[PDB]
Amino acid sequence: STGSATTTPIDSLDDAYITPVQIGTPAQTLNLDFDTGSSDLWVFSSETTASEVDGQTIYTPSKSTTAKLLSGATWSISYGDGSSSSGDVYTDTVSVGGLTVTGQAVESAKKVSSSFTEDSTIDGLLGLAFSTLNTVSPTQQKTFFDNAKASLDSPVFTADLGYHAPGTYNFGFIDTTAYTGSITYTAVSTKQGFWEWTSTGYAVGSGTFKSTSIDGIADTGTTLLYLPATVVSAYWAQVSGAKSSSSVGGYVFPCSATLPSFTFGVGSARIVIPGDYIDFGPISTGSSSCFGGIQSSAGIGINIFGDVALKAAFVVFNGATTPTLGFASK
């Protein structure tokens, strides 16, 4: 089997991407944030505290004939950006772009933190990291991809995120028309539950390539590119007027400035992030100060190849017995 779904930016800055997901019988369609940095499929629901729902579409298990309470199961998650949610668990039928899993753990939110409430466009998350990170207790649950894997034509999914435009998540096949050149594959460590790999270095604009190992994660659920402070400093030093602002929480730059590209290494191959991808617009309406899309990972404790990086590539998440990651230009 295979599946193919369009993923759409939630706003004009590509702050995140939502993908429609069918849950239950008859189908309830929710727009989920596909997140290769976490491993819980959780949704706004009929059980979510009413005061914490503001415009989201909810899953109502009682209206699904295939929904079954996973008795005794609870979940509770906290994300790197300080947000959180928690609740109980049902199993139900979940379909993504034609691909159907039965008995998928659908984690129903009883509580969500304010940032989720305040984002009316995201109805939940669908985690695509390794199932070892799943928070369901007492019995850890498998991700949608893990459950689908054996049925797929090939044990892979791909992320093709658009710049200011829709893109595609595919399951079970590699669309050879979706990228240019060849796919370069690189080793993955699953020891922290992430799609963790080691970039071979970077360049800033037309600068020479610096060969240096950068361990990080391929994370569709993180907006920006978070790299070591040395690297980030070298980038923003090439932007006139750029500065790091504690009050704003990172590097900002005059909206009148031209951003250089940023290149990262995948083995001997190179992915080029165009400068425009690194512009996240005015820090506040009317401000001439723009927020940068490359920021320091210092104090996150991990480097994160978020959407800024991934949307410059066609990315293969190869869930073979020994997982690997593939990157192609597009």
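The numbering of chain A matches Swiss-Prot: 90-419, in order.
Every residue gets a Cβ built from N, Cα and C, even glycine.
What Swiss-Prot records for 106-417 is domain 'Peptidase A1'. Sequence annotations record features per position, and here Swiss-Prot assigns active site to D124, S288. According to Swiss-Prot, the feature disulfide bond maps to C344-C379.
All features noted in Swiss-Prot, drawn onto the structure.
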residue : record         : DSSP class
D124    : active site    : strand
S288    : active site    : strand
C344    : disulfide bond : coil
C379    : disulfide bond : strand
Of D124, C344, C379, which is closest to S288 (active site) if I measure between C-alpha atoms? They're all recorded positions. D124
Counting other C-beta atoms within 10 angstroms, the emptiest spot among the disulfide-bonded residues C344, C379 is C344
How far is it from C344 (disulfide bond) to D124 (active site), counting Cα to Cα, in Å? 30
Sorry to bug you, but what's the C-alpha spacing from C379 (disulfide bond) to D124 (active site), rounded to the closest Å? 26
Including all protein chains shown, what's the count of other C-beta atoms within 10 A of the C-beta of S288 (active site)? 22
